[PDB]
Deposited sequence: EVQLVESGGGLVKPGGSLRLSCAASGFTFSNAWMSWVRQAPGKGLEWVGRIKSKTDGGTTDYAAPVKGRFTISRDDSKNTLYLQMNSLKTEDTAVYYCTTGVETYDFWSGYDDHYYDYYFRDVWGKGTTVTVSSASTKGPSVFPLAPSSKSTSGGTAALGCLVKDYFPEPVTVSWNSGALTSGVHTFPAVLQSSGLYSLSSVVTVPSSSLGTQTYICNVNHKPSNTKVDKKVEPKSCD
């Protein structure tokens, strides 16, 4: 079908460079104005840049936070888009989608004739993730957030000082799922991530039920099962 597949994203040092590629399929790529659009973690959509078709002159435009460091090119013989990123920053850490934007009104003529007479569509990719930091791979540290001896009760596990994302947290090997809140990770100033997973259970249950949090980190291949009990 019609699709855009991004590739090339990964971990880059704050001073390094990286080339993202975007393969197009299913439509006449040479006639479409292409664009790179990024989205930082927990933030909105940010337009990185745009390149026009060879017919319209191939003029390229960039956003202010990106102008002077990023370049965009296209290979019509390969139906491929390229984003060369030089002098990266931590602020450049985001998911980079390759999109077509809103093309001309009659861009999709002939597209699916059995079903449609007039057709309009934009194309987006699944996006590629670019992480820019000076940190290395580090196993997570699981600390038990124990229930209050004062006293419904709440307990949990704090997963601190790990890199990179993601980390999976379960309770009693998935047996406990009600009242469980796994919060989004937070990037510390040291370049390491930290999150916390809490669960609220009846106080009496605290005396008759064992609670074990299971933390799995794929990059470090770490599995830590820690029990949570009052102090």
Unmodelled spans of the deposited chain sequence come out as 152-155, 236-238
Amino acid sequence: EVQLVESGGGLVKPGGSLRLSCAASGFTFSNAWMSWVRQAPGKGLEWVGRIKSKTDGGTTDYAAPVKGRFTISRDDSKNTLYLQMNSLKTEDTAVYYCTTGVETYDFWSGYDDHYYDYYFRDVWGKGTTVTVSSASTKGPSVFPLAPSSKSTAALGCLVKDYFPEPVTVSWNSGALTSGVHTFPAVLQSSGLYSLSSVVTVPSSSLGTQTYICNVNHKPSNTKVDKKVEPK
From here on, numbers count along this sequence of modelled residues.
Comparing 59-67 with 35-43, the higher average Cα temperature factor in the PDB entry belongs to 59-67
Once average C-alpha B-factors are taken from the entry for 75-83 and 137-145, the winner is 75-83
One of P164, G49, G26, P184 has the largest Cα B-factor in the entry, namely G26
Residue set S53, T200, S189, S194, per-entry CA B-factor max assigned to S53
So, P14's CA B-factor, relative to its chain, sits in which third? The lowest
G156: CA temperature factor from the record, placed by chain third, in the middle
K126: C-alpha B-factor third of its chain, per the entry, is the lowest
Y105: CA B-factor among chain residues, third -> middle
On the chain's distribution of Cα B-factors, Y96 falls within the third called lowest
